[PDB]
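Novice: Any chance you could fold what I've pasted below:
(chains A, B and C, ligands or ions: 6)
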Amino acid sequence: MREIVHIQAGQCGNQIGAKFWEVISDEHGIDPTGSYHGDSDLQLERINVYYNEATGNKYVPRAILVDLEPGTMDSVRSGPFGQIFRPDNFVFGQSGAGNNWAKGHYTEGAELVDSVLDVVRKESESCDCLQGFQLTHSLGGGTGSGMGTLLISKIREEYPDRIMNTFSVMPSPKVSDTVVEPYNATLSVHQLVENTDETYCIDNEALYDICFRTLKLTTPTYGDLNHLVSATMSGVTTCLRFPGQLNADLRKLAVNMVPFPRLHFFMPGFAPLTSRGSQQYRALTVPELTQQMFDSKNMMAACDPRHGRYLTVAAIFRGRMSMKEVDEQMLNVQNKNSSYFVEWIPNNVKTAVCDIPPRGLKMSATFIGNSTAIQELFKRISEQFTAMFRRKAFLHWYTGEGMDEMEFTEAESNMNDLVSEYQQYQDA
Amino acid sequence: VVXXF
Amino acid sequence: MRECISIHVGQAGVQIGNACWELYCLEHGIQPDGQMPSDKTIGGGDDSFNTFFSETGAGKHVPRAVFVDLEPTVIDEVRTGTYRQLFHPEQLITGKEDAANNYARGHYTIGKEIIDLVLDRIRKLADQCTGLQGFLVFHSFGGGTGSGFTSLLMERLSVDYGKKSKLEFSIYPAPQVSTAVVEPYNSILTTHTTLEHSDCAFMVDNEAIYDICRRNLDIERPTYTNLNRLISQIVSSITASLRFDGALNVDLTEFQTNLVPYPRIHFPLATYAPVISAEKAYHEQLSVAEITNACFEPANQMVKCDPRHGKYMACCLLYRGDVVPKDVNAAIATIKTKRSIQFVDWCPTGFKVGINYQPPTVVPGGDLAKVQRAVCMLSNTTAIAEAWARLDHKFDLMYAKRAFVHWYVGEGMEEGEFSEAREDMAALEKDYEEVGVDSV
Ligand SMILES: Nc1nc2c(ncn2[C@@H]2O[C@H](COP(=O)(O)OP(=O)(O)OP(=O)(O)O)[C@@H](O)[C@H]2O)c(=O)[nH]1
Ligand SMILES: Nc1nc2c(ncn2[C@@H]2O[C@H](COP(=O)(O)OP(=O)(O)O)[C@@H](O)[C@H]2O)c(=O)[nH]1
Ligand SMILES: [Mg+2]
Ligand SMILES: [Mg+2]
Ligand SMILES: [Mg+2]
Ligand SMILES: [Mg+2]
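Specialist: Numbering: from 1, shown residues only, chains lettered A, B, ... in the order given. Ligands and ions are numbered 1, 2, ... in the order given. The relevant structure is shown in the block below.
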């Protein structure tokens, strides 16, 4: 339980993977060339978690970049931190997946998957003690969705005792007009229920609504959407990246957050909500970080947590502040809104406090909730799915690559089971 | 909806 | 990578091909001698324009194309014309005797004499490709070559290239410029034969194009050179995503994904704007919001259908030129409010938009104003089936009395081949009806 291997698949995967590395690099004082130039030494204590070391004591991310077209990766390599990544860890094809899960999971992706696993293996042998893997990808396209879930199924086979973690971007019509995304997403969910231990449900419906309503951005861009993801990803992995006591590795986090093997779909929240233009001169009070991080407006998943019950909650606070006051406000929410926490898991809210704050803020709060209300997300997709599948629409793209209707029916069926299971424990 | 990083 | 090979079959196919490749050259700064001063990658290149153009040592940019005709007159003009130097002679393939407006002659009697040579030359182009996307096939529904040879080639290409994409640009017959009484016959035959070999087909109704040239360009009696110049702009719009790229650009294959719910429902409706004269365009500039609205005015449709009496299964907007996300978004909001636009219950209602900043250019001595920004809407509407119905009625009237059927039998076809083609067309209209019905 020391090193983590990071992977990013497809357009969304690589864009947010890149932004994630941009962010934490700045937090750990690593420059684009990989040298360290930071003040505090908290920055280098658990640096070995996400980075490798080299000659000249340069720091190289433990990251594998995957795609079926060269596009986003060429752009990432000439991105800001582009030259930071291990050149050999760029593994791309040319055919593309055409937003097709079948192309990603069964044909065009199968043609490439072996080559990726080779770079995974090479990184996993450099590991003194491997925890597992975090993947970043969208569920709506083809590469990240289809090839991504394939890589998991394959990686679980070589490393079944390791932990499988994902940052999975759920599709929304509010952001994409590709009609088949509900197909791609349902197929992916079936995989994720079975083969991940933890999945952060990053909803593009939420991210768009947040950008448009709260941050008052009338023409939200991907960079705007990703700034929110970047912030969440920094916060959620903070308890992993700096010295801490709670949820300090992926296995422990899983054990605290996952009461049942299938229900591992986490609802992230964050505060204060920030746009890249927003000034944020006035740091928030500890009571303000708390009322917000539990506020639906700050949820990245687009569910109403008041419609379900928290099975478990992690809450991570960053920056210099009164750890005394953190506990009172945290204990306040639990005691105020006690009906929204399940009674049969005592003290299901756990809290950590890291001193180093995120780039550009003095005070930040990140939320990780295993709410049953997450079903609303899966219910949403389920409806967008059936709307088409009842008329067997657009299936020819998939059957043409070798799939069968039955394989859809089972992924439809397995996700409906998921929803019902999240509803079984909401009335307990 | 038209949405570029 | 992702090269695209154009195949121009028959007179309509070839003459439209001329317009198109002249226009592409004006869009990429390519001279009629193939030289391109912008391209610094000499002899090779990875650029967006290389999907339609190969390069040579001399610095010469060469259309990834083939012009085929069963008679030399039309292609001969290409061989001697302004852009003669642009091609290599092996690309311009002619017979001696055409197909005399006979599908049977195009598919069989004359076509068989030249199909091998054409495929040999198509093959030679494919060998220049690092990763071929597929073919674009330009042809008339009504001609004997346009109909019969096209079906033959498409069948042969299915075999030699398996399932690499095959897109059609099909010229649908109009009476104002029809050349044969039997064009309904030829139409139903090629459509049937090609149906399961074509991934996506953009029908161009000549009566629609004749109408728009008359109305929006105040052209008194439109010529082929008139229609072709307008048609080329539309084709350019559709292929723009394949020949240019920018952040806001959406690949045609992505639009294709939305547009085809079932393999047979692969006939999108094109609607283009603005079509405007230089006299009207002077001092009057058209906004993102204005051209977007035109797309839903049936006067600007490319096939005479009525989408209002039909249901929508998809909507794409292929913008080019001075267009920003902000304005497009507001524009569609308007139309979502100001129109009704019924979709079938099983489809979502979002519009897939793409944008190429590269503005529309125009051909010298063209009749179209040089605009700052333009748009092509690709819609999958049940109303497109109207096109089949008009043609199916025309076909029905003649076959009832077996009129003209004898010129076909004499070349080797059977009555069974007719009734069969017509049954596929009936199924297709039925299919296009089945999808409009609401679910349960
Ligand atoms: N828009 C447009 N339509 C054309 C053009 N040339 C021919 N057509 C149409 O094509 C149909 C006739 O088919 P053609 O392409 O001329 O005949 P073909 O393909 O050469 O076949 P054969 O001459 O019989 O061997 C008619 O409906 C014409 O209106 C053209 O240059 N532009
Ligand atoms: N938040 C976010 N979502 C993205 C981005 N790029 C694509 N997506 C979403 O992911 C889906 C498309 O998947 P994509 O990654 O582009 O396909 P892939 O390349 O085959 O994996 C759609 O739902 C998009 O809205 C991005 O940069 N940020
Ligand atoms: Mg893409
Ligand atoms: Mg292959
Ligand atoms: Mg001819
Ligand atoms: Mg070049």
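Novice: I'd like to know how many residues surround the residue of the stretch 151-300 of chain A found nearest ligand 6.
Specialist: The nearest approach of the stretch 151-300 of chain A to ligand 6 comes at residue A:222, 29.5 Å away (CB to the ion). Heads up, the C-betas are built off the backbone N, CA and C, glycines and all. By the measure other CB atoms under 10 Å in any protein chain shown, the count of residues near residue A:222 is 20.
Novice: That one reaches residue A:16, doesn't it?
Specialist: No. Using CB atoms under 8 Å as the test, residue A:222 is too far from residue A:16 to be in contact (9.2 Å).
Novice: Secondary structure class of the closest residue in space to the residue of the stretch 151-300 of chain A closest to ligand 6 that isn't next to it in sequence, three-state.
Specialist: Computed as CB to CB, 6 or more residues apart in numbering or on different chains, the closest residue to residue A:222 that is not its neighbour in sequence is residue B:5, at 5.0 Å. Following DSSP: H, G, I helix; E, B strand; the rest coil, we place residue B:5 in the coil state.
Novice: Neighbours of residue B:5, how many?
Specialist: 18.
Novice: which residues sit against stretch C:280-291?
Specialist: With contacts defined as CB atoms under 8 Å, 6 or more residues apart in numbering or on different chains, stretch C:280-291 is touched by C:273-274, C:276, C:319, C:322-324, C:327-328, C:330-331, C:334, C:369-375.
Novice: What subset of those residues is buried?
Specialist: C:273-274, C:276, C:319, C:322-323, C:327-328, C:331, C:369, C:371, C:373-375 (16 or more other CB atoms under 10 Å in any protein chain shown).
Novice: Do a quick rundown of the strands in the stretch 151-300 of chain C.
Specialist: Along the stretch 151-300 of chain C, the segments classed as strands by DSSP state E, counting those that start in this stretch run C:165-172, C:200-205, C:269-273.
Novice: now those in a markdown table, with distance to chain A?
Specialist: Formatted as a markdown table, the strands of the stretch 151-300 of chain C follow (distance: least, CB to the nearest CB, whole Å):
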| stretch | distance to chain A |
| --- | --- |
| strand C:165-172 | 11 |
| strand C:200-205 | 12 |
| strand C:269-273 | 17 |
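Novice: Between those strands, which one is closest to ligand 1.
Specialist: Evaluated with CB to the nearest ligand atom, the strands of the stretch 151-300 of chain C place strand C:165-172 nearest to ligand 1, the distance being 4.7 Å.
Novice: which one is the closest residue to ligand 1 within the stretch 301-440 of chain C nearest to, not counting chain neighbours?
Specialist: Nearest to ligand 1, among the residues of the stretch 301-440 of chain C, is residue C:302, at 11.1 Å (CB to the nearest ligand atom). Spatially, and ignoring its direct neighbours in sequence, residue C:302 is nearest to residue C:270 (4.0 Å; CB to CB, 6+ apart).
Novice: Any idea what the residue nearest to the spatial centre of chain A is bridged to?
Specialist: Nearest to the mean C-alpha position of chain A, counting by CA atoms, centre = their mean, stands residue A:167 at 1.8 Å. With DSSP bridges as the criterion, residue A:167 is bridged to residue A:136, residue A:200.
Novice: Output the contacting helices and strands for the helix ranked longest in chain A.
Specialist: As assigned by DSSP state H, the longest helix anywhere in chain A is helix A:405-424. In terms of contacts (3 or more CB pairs under 8 Å, 6 or more residues apart in numbering or on different chains; DSSP states H and E), helix A:405-424 is packed against helix A:181-195, helix A:375-389.
Novice: List the buried residues of the last one.
Specialist: Judged by neighbour count using 16+ other CB under 10 Å, the buried positions of helix A:375-389 are A:375-382, A:384-389.
Novice: and these as JSON lines, adding distance to ligand 1?
Specialist: Formatted as JSON lines, these follow (distance: CB to the nearest ligand atom, whole Å):
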{"residue": "A:375", "distance to ligand 1": "56"}
{"residue": "A:376", "distance to ligand 1": "53"}
{"residue": "A:377", "distance to ligand 1": "51"}
{"residue": "A:378", "distance to ligand 1": "51"}
{"residue": "A:379", "distance to ligand 1": "51"}
{"residue": "A:380", "distance to ligand 1": "47"}
{"residue": "A:381", "distance to ligand 1": "46"}
{"residue": "A:382", "distance to ligand 1": "48"}
{"residue": "A:384", "distance to ligand 1": "41"}
{"residue": "A:385", "distance to ligand 1": "43"}
{"residue": "A:386", "distance to ligand 1": "44"}
{"residue": "A:387", "distance to ligand 1": "40"}
{"residue": "A:388", "distance to ligand 1": "37"}
{"residue": "A:389", "distance to ligand 1": "41"}
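Novice: closest to residue C:400 out of the strands of the stretch 151-300 of chain C?
Specialist: For the strands of the stretch 151-300 of chain C, the distance to residue C:400 is smallest for strand C:165-172, at 22.3 Å, taking CB to CB.
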